[PDB]
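Trainee: To be precise about what I am sending: the file is called start-v9.cif and holds mmCIF, N, CA, C and O atoms.
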```cif
data_protein
#
loop_
_atom_site.label_atom_id
_atom_site.label_comp_id
_atom_site.auth_asym_id
_atom_site.auth_seq_id
_atom_site.Cartn_x
_atom_site.Cartn_y
_atom_site.Cartn_z
N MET F 1 -129.10 -60.74 -41.46
CA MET F 1 -128.30 -61.99 -41.59
C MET F 1 -127.04 -61.88 -40.73
O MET F 1 -126.55 -62.88 -40.21
N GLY F 2 -126.54 -60.66 -40.58
CA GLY F 2 -125.35 -60.43 -39.78
C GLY F 2 -125.59 -60.80 -38.32
O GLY F 2 -124.72 -61.37 -37.66
N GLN F 3 -126.78 -60.48 -37.82
CA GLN F 3 -127.12 -60.79 -36.43
C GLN F 3 -128.64 -60.84 -36.25
O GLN F 3 -129.20 -61.88 -35.92
N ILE F 4 -129.30 -59.70 -36.47
CA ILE F 4 -130.75 -59.61 -36.33
C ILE F 4 -131.44 -59.87 -37.67
O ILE F 4 -131.01 -59.35 -38.70
N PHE F 5 -132.49 -60.67 -37.64
CA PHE F 5 -133.22 -60.99 -38.87
C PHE F 5 -133.81 -59.72 -39.49
O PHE F 5 -134.48 -58.94 -38.82
N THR F 6 -133.56 -59.55 -40.79
CA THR F 6 -134.07 -58.40 -41.51
C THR F 6 -135.53 -58.63 -41.89
O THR F 6 -135.93 -59.75 -42.19
N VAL F 7 -136.31 -57.56 -41.88
CA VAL F 7 -137.72 -57.66 -42.23
C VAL F 7 -137.88 -58.14 -43.67
O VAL F 7 -138.68 -59.04 -43.95
N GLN F 8 -137.13 -57.54 -44.58
CA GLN F 8 -137.22 -57.90 -45.99
C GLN F 8 -136.82 -59.36 -46.20
O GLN F 8 -137.44 -60.08 -46.99
N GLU F 9 -135.78 -59.80 -45.49
CA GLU F 9 -135.31 -61.17 -45.62
C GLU F 9 -136.35 -62.15 -45.09
O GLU F 9 -136.53 -63.24 -45.63
N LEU F 10 -137.04 -61.75 -44.02
CA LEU F 10 -138.06 -62.61 -43.43
C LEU F 10 -139.22 -62.82 -44.41
O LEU F 10 -139.77 -63.92 -44.50
N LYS F 11 -139.57 -61.77 -45.13
CA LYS F 11 -140.66 -61.85 -46.10
C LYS F 11 -140.38 -62.93 -47.14
O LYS F 11 -141.29 -63.63 -47.58
N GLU F 12 -139.12 -63.05 -47.53
CA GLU F 12 -138.74 -64.04 -48.53
C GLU F 12 -139.08 -65.45 -48.05
O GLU F 12 -139.80 -66.19 -48.73
N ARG F 13 -138.57 -65.83 -46.88
CA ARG F 13 -138.84 -67.15 -46.33
C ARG F 13 -140.29 -67.26 -45.88
O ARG F 13 -140.93 -68.30 -46.03
N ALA F 14 -140.81 -66.17 -45.32
CA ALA F 14 -142.19 -66.14 -44.84
C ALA F 14 -143.17 -66.11 -46.01
O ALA F 14 -144.38 -66.26 -45.82
N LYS F 15 -142.64 -65.91 -47.21
CA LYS F 15 -143.49 -65.85 -48.40
C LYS F 15 -144.26 -67.16 -48.56
O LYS F 15 -145.46 -67.14 -48.83
N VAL F 16 -143.57 -68.28 -48.39
CA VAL F 16 -144.20 -69.59 -48.52
C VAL F 16 -145.08 -69.64 -49.77
O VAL F 16 -144.62 -70.04 -50.84
N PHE F 17 -146.34 -69.23 -49.62
CA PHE F 17 -147.28 -69.23 -50.74
C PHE F 17 -148.04 -67.91 -50.79
O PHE F 17 -148.41 -67.36 -49.75
N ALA F 18 -148.29 -67.40 -51.99
CA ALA F 18 -149.02 -66.14 -52.14
C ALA F 18 -150.24 -66.14 -51.23
O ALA F 18 -151.18 -66.91 -51.44
N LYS F 19 -150.23 -65.26 -50.22
CA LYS F 19 -151.35 -65.18 -49.27
C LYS F 19 -151.75 -63.72 -49.02
O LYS F 19 -150.91 -62.82 -49.16
N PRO F 20 -152.99 -63.44 -48.65
CA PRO F 20 -153.43 -62.03 -48.37
C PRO F 20 -152.54 -61.33 -47.35
O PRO F 20 -152.00 -61.96 -46.44
N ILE F 21 -152.39 -60.02 -47.52
CA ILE F 21 -151.56 -59.23 -46.61
C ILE F 21 -152.32 -58.93 -45.32
O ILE F 21 -153.46 -58.48 -45.36
N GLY F 22 -151.68 -59.19 -44.19
CA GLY F 22 -152.30 -58.95 -42.90
C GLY F 22 -152.43 -57.46 -42.62
O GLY F 22 -153.45 -57.01 -42.08
N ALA F 23 -151.40 -56.70 -42.98
CA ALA F 23 -151.41 -55.26 -42.77
C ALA F 23 -151.14 -54.93 -41.30
O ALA F 23 -150.10 -54.36 -40.96
N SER F 24 -152.09 -55.29 -40.44
CA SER F 24 -151.95 -55.03 -39.01
C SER F 24 -151.01 -56.05 -38.36
O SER F 24 -150.46 -55.81 -37.28
N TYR F 25 -150.83 -57.18 -39.03
CA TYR F 25 -149.96 -58.24 -38.53
C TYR F 25 -148.49 -57.86 -38.71
O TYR F 25 -147.61 -58.45 -38.09
N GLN F 26 -148.24 -56.88 -39.57
CA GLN F 26 -146.88 -56.44 -39.84
C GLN F 26 -146.18 -56.04 -38.54
O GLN F 26 -144.95 -55.92 -38.50
N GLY F 27 -146.96 -55.83 -37.49
CA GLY F 27 -146.40 -55.45 -36.20
C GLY F 27 -145.33 -56.44 -35.76
O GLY F 27 -144.44 -56.10 -34.98
N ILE F 28 -145.41 -57.67 -36.27
CA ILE F 28 -144.45 -58.71 -35.93
C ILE F 28 -143.08 -58.39 -36.54
O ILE F 28 -142.05 -58.87 -36.07
N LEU F 29 -143.09 -57.59 -37.61
CA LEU F 29 -141.85 -57.21 -38.29
C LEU F 29 -141.26 -55.95 -37.67
O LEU F 29 -140.05 -55.77 -37.65
N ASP F 30 -142.13 -55.08 -37.16
CA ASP F 30 -141.68 -53.85 -36.54
C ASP F 30 -140.83 -54.15 -35.31
O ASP F 30 -139.98 -53.36 -34.92
N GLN F 31 -141.06 -55.31 -34.71
CA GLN F 31 -140.32 -55.73 -33.52
C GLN F 31 -138.85 -55.91 -33.84
O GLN F 31 -137.98 -55.57 -33.04
N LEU F 32 -138.58 -56.44 -35.02
CA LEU F 32 -137.21 -56.65 -35.42
C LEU F 32 -136.48 -55.31 -35.47
O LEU F 32 -135.41 -55.15 -34.89
N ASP F 33 -137.08 -54.33 -36.14
CA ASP F 33 -136.50 -52.99 -36.24
C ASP F 33 -136.63 -52.22 -34.92
O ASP F 33 -135.72 -51.47 -34.54
N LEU F 34 -137.77 -52.38 -34.24
CA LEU F 34 -138.03 -51.66 -32.99
C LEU F 34 -137.02 -52.06 -31.92
O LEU F 34 -136.55 -51.21 -31.17
N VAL F 35 -136.69 -53.34 -31.84
CA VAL F 35 -135.72 -53.81 -30.84
C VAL F 35 -134.53 -52.87 -30.74
O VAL F 35 -133.79 -52.89 -29.75
N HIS F 36 -134.33 -52.05 -31.77
CA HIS F 36 -133.21 -51.12 -31.78
C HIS F 36 -133.49 -49.94 -30.85
O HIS F 36 -132.58 -49.15 -30.55
N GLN F 37 -134.73 -49.82 -30.39
CA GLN F 37 -135.11 -48.73 -29.49
C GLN F 37 -134.80 -49.10 -28.04
O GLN F 37 -134.38 -48.24 -27.26
N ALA F 38 -134.99 -50.37 -27.67
CA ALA F 38 -134.69 -50.79 -26.31
C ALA F 38 -133.18 -50.93 -26.14
O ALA F 38 -132.47 -51.19 -27.11
N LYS F 39 -132.70 -50.75 -24.92
CA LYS F 39 -131.26 -50.85 -24.64
C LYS F 39 -131.04 -51.39 -23.24
O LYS F 39 -131.91 -51.31 -22.37
N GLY F 40 -129.86 -51.97 -23.02
CA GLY F 40 -129.52 -52.54 -21.73
C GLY F 40 -129.99 -53.99 -21.66
O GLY F 40 -130.36 -54.58 -22.68
N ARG F 41 -129.97 -54.57 -20.47
CA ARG F 41 -130.40 -55.95 -20.30
C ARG F 41 -131.89 -56.09 -20.58
O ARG F 41 -132.37 -57.18 -20.89
N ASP F 42 -132.61 -54.98 -20.47
CA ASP F 42 -134.05 -54.99 -20.71
C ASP F 42 -134.36 -55.34 -22.16
O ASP F 42 -135.36 -56.00 -22.45
N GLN F 43 -133.51 -54.88 -23.07
CA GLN F 43 -133.70 -55.15 -24.49
C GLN F 43 -133.57 -56.63 -24.77
O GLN F 43 -134.45 -57.24 -25.36
N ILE F 44 -132.46 -57.19 -24.38
CA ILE F 44 -132.24 -58.60 -24.62
C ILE F 44 -133.12 -59.45 -23.72
O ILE F 44 -133.67 -60.46 -24.15
N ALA F 45 -133.23 -59.06 -22.45
CA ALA F 45 -134.03 -59.82 -21.49
C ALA F 45 -135.41 -60.07 -22.09
O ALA F 45 -136.01 -61.11 -21.86
N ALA F 46 -135.87 -59.11 -22.88
CA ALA F 46 -137.15 -59.25 -23.55
C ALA F 46 -137.11 -60.48 -24.45
O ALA F 46 -138.12 -61.14 -24.66
N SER F 47 -135.92 -60.78 -24.96
CA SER F 47 -135.75 -61.93 -25.86
C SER F 47 -136.26 -63.23 -25.22
O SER F 47 -136.80 -64.10 -25.90
N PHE F 48 -136.09 -63.35 -23.91
CA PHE F 48 -136.56 -64.55 -23.18
C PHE F 48 -138.07 -64.52 -22.90
O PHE F 48 -138.66 -65.55 -22.56
N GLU F 49 -138.68 -63.34 -22.97
CA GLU F 49 -140.11 -63.20 -22.65
C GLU F 49 -141.01 -63.92 -23.66
O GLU F 49 -141.70 -64.88 -23.32
N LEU F 50 -141.03 -63.44 -24.90
CA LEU F 50 -141.88 -64.03 -25.93
C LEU F 50 -141.38 -65.43 -26.31
O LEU F 50 -142.12 -66.23 -26.86
N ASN F 51 -140.11 -65.69 -26.02
CA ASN F 51 -139.49 -66.97 -26.37
C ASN F 51 -140.45 -68.13 -26.11
O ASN F 51 -140.78 -68.89 -27.03
N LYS F 52 -140.89 -68.26 -24.88
CA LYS F 52 -141.81 -69.33 -24.52
C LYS F 52 -143.15 -69.16 -25.22
O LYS F 52 -143.74 -70.13 -25.70
N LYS F 53 -143.64 -67.93 -25.25
CA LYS F 53 -144.93 -67.63 -25.87
C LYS F 53 -144.91 -67.94 -27.37
O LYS F 53 -145.93 -68.31 -27.94
N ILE F 54 -143.75 -67.80 -28.00
CA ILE F 54 -143.64 -68.07 -29.44
C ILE F 54 -143.92 -69.54 -29.71
O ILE F 54 -144.32 -69.91 -30.81
N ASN F 55 -143.70 -70.38 -28.71
CA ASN F 55 -143.93 -71.80 -28.87
C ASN F 55 -145.31 -72.04 -29.47
O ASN F 55 -145.57 -73.11 -30.03
N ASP F 56 -146.18 -71.05 -29.35
CA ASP F 56 -147.53 -71.16 -29.89
C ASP F 56 -147.49 -71.31 -31.41
O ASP F 56 -148.29 -72.05 -31.99
N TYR F 57 -146.57 -70.60 -32.06
CA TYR F 57 -146.45 -70.67 -33.52
C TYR F 57 -146.26 -72.12 -33.96
O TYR F 57 -146.88 -72.56 -34.93
N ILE F 58 -145.42 -72.85 -33.25
CA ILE F 58 -145.17 -74.25 -33.58
C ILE F 58 -146.45 -75.07 -33.41
O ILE F 58 -146.77 -75.91 -34.25
N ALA F 59 -147.17 -74.82 -32.32
CA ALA F 59 -148.41 -75.55 -32.05
C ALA F 59 -149.43 -75.30 -33.15
O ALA F 59 -150.22 -76.18 -33.49
N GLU F 60 -149.42 -74.09 -33.70
CA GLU F 60 -150.36 -73.73 -34.76
C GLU F 60 -150.01 -74.45 -36.06
O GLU F 60 -150.89 -74.93 -36.77
N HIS F 61 -148.71 -74.53 -36.37
CA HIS F 61 -148.24 -75.19 -37.59
C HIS F 61 -147.00 -76.03 -37.31
O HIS F 61 -145.91 -75.73 -37.81
N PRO F 62 -147.13 -77.06 -36.51
CA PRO F 62 -145.99 -77.94 -36.15
C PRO F 62 -145.59 -78.86 -37.30
O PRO F 62 -144.48 -79.40 -37.32
N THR F 63 -146.49 -79.03 -38.26
CA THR F 63 -146.22 -79.89 -39.41
C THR F 63 -145.23 -79.22 -40.36
O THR F 63 -144.51 -79.88 -41.10
N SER F 64 -145.20 -77.89 -40.33
CA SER F 64 -144.30 -77.13 -41.19
C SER F 64 -142.91 -77.04 -40.56
O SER F 64 -142.78 -76.83 -39.35
N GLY F 65 -141.88 -77.19 -41.39
CA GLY F 65 -140.50 -77.11 -40.90
C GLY F 65 -140.04 -75.67 -40.80
O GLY F 65 -139.03 -75.37 -40.16
N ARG F 66 -140.79 -74.77 -41.43
CA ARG F 66 -140.46 -73.35 -41.41
C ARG F 66 -140.57 -72.79 -39.99
O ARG F 66 -139.79 -71.92 -39.59
N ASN F 67 -141.54 -73.30 -39.24
CA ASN F 67 -141.75 -72.84 -37.87
C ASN F 67 -140.45 -72.96 -37.07
O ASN F 67 -140.17 -72.13 -36.21
N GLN F 68 -139.67 -73.98 -37.36
CA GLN F 68 -138.40 -74.18 -36.66
C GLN F 68 -137.53 -72.93 -36.78
O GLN F 68 -136.89 -72.52 -35.81
N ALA F 69 -137.50 -72.34 -37.97
CA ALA F 69 -136.69 -71.14 -38.19
C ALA F 69 -137.34 -69.92 -37.55
O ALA F 69 -136.69 -69.16 -36.83
N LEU F 70 -138.63 -69.73 -37.82
CA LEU F 70 -139.36 -68.60 -37.26
C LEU F 70 -139.39 -68.67 -35.74
O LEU F 70 -139.20 -67.67 -35.06
N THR F 71 -139.65 -69.85 -35.21
CA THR F 71 -139.72 -70.00 -33.77
C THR F 71 -138.40 -69.63 -33.12
O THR F 71 -138.35 -68.80 -32.21
N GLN F 72 -137.33 -70.25 -33.59
CA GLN F 72 -136.01 -69.99 -33.05
C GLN F 72 -135.53 -68.59 -33.41
O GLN F 72 -134.92 -67.91 -32.58
N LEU F 73 -135.77 -68.17 -34.65
CA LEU F 73 -135.31 -66.86 -35.09
C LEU F 73 -136.02 -65.73 -34.36
O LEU F 73 -135.38 -64.87 -33.76
N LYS F 74 -137.34 -65.73 -34.42
CA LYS F 74 -138.12 -64.69 -33.77
C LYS F 74 -137.85 -64.72 -32.27
O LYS F 74 -137.75 -63.68 -31.62
N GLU F 75 -137.74 -65.92 -31.73
CA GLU F 75 -137.49 -66.07 -30.31
C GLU F 75 -136.28 -65.24 -29.92
O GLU F 75 -136.16 -64.82 -28.77
N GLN F 76 -135.37 -65.04 -30.85
CA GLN F 76 -134.19 -64.26 -30.55
C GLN F 76 -134.53 -62.78 -30.42
O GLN F 76 -134.45 -62.20 -29.34
N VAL F 77 -134.89 -62.16 -31.54
CA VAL F 77 -135.21 -60.73 -31.56
C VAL F 77 -136.67 -60.37 -31.25
O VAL F 77 -136.94 -59.53 -30.42
N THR F 78 -137.60 -60.93 -31.99
CA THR F 78 -139.01 -60.57 -31.80
C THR F 78 -139.32 -60.58 -30.33
O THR F 78 -139.96 -59.68 -29.80
N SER F 79 -138.80 -61.57 -29.67
CA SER F 79 -138.96 -61.66 -28.25
C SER F 79 -138.17 -60.54 -27.60
O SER F 79 -138.55 -60.04 -26.55
N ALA F 80 -137.04 -60.16 -28.22
CA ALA F 80 -136.19 -59.11 -27.66
C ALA F 80 -137.00 -57.91 -27.22
O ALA F 80 -136.46 -57.00 -26.61
N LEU F 81 -138.31 -57.92 -27.50
CA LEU F 81 -139.21 -56.86 -27.03
C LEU F 81 -140.29 -57.38 -26.07
O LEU F 81 -140.90 -56.60 -25.34
N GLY F 82 -140.52 -58.69 -26.07
CA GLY F 82 -141.52 -59.27 -25.17
C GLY F 82 -142.88 -58.62 -25.39
O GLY F 82 -143.47 -58.06 -24.46
N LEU F 83 -143.38 -58.68 -26.62
CA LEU F 83 -144.66 -58.08 -26.94
C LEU F 83 -145.82 -58.91 -26.39
O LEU F 83 -146.97 -58.49 -26.45
N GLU F 84 -145.50 -60.08 -25.84
CA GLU F 84 -146.54 -60.95 -25.28
C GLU F 84 -147.59 -61.28 -26.34
O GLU F 84 -148.32 -60.40 -26.80
N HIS F 85 -147.67 -62.55 -26.70
CA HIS F 85 -148.63 -62.99 -27.70
C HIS F 85 -150.05 -62.70 -27.22
O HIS F 85 -150.46 -63.12 -26.14
N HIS F 86 -150.80 -61.96 -28.04
CA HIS F 86 -152.18 -61.61 -27.69
C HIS F 86 -153.13 -62.73 -28.09
O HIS F 86 -152.96 -63.37 -29.13
N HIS F 87 -154.14 -62.97 -27.26
CA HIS F 87 -155.12 -64.01 -27.53
C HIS F 87 -156.46 -63.66 -26.90
O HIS F 87 -156.54 -62.83 -25.99
N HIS F 88 -157.52 -64.31 -27.38
CA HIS F 88 -158.86 -64.06 -26.85
C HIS F 88 -159.75 -65.28 -27.06
O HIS F 88 -159.45 -66.15 -27.88
N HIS F 89 -160.85 -65.35 -26.31
CA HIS F 89 -161.77 -66.47 -26.42
C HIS F 89 -162.62 -66.33 -27.68
O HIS F 89 -163.23 -65.29 -27.92
N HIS F 90 -162.66 -67.39 -28.48
CA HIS F 90 -163.45 -67.38 -29.71
C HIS F 90 -163.65 -68.80 -30.23
O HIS F 90 -162.92 -69.19 -31.12
#
```
Output the file's structure in the form of structure tokens.
Mentor:
Amino acid sequence: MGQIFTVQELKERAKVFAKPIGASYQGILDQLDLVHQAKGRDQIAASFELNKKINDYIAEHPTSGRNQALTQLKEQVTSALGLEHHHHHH
């Protein structure tokens, strides 16, 4: 809340409705804490990388107002690593 979104705090808002645990999806939360490993302009510059790619979250659930927070919030730090949204044909 001070600056970078906390993983525990995200779970509260991300709780929405009781849903199955992704387990492997938790990687999205490790980015918040991991961002502490990168340093210099590369760390923050990463913030602009996933930023655009995160726009996908809105496209997936644009009807939800929560995406506005996750999109903008994650775009700050989660992107701070530029993990590049993974996708495949299916």
Trainee: Please provide as a list in words all residues within 8 Å of stretch 56-58 of chain F, with the sequence filter that same-chain residues fewer than 6 positions apart are discarded (counting all atoms listed in the file).
Mentor: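 Surrounding residues, per the criterion: residues 50, 64, 67, 68, 70 and 71 of chain F.
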Trainee: Since I can't run it myself right now, could you work out what the PyMOL selection byres (((chain F and resi 77-90 and name CA) around 10) and name CA) selects here and report it as a ChimeraX atom specification?
Mentor: /F:3-5,27-38,41-54,56-57,70-76
Trainee: Using the chain letters and numbers from this document, which residues of stretch 13-81 of chain F does DSSP assign to alpha helix (DSSP H), as a VMD selection string?
Mentor: chain F and resid 13 to 14 27 to 34 41 to 60 66 to 76
Trainee: Enter the distance from atom N of residue F:23 to atom O of residue F:10, in Å, rounded to one decimal.
Mentor: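 Separation of atom N of residue F:23 and atom O of residue F:10: 13.8 Å.
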Trainee: Edge lengths and centre in Å to one decimal, as AutoDock Vina command-line options, is what I'm after for the box along x, y and z that holds all listed atoms of stretch 44-50 of chain F once 5 Å is added on each side.
Mentor:
```
--center_x -137.2 --center_y -61.7 --center_z -24.2 --size_x 19.9 --size_y 19.0 --size_z 15.4
```
Trainee: Report the distance between atom CA of residue F:40 and atom CA of residue F:55 in Å, rounded to one decimal place.
Mentor: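 So the two atoms, atom CA of residue F:40 and atom CA of residue F:55, lie 25.1 Å apart.
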Trainee: What does the distance between atom CA of residue F:26 and atom CA of residue F:8 come to in Å, to one decimal place?
Mentor: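 Result for atom CA of residue F:26 versus atom CA of residue F:8: 11.5 Å, one decimal.
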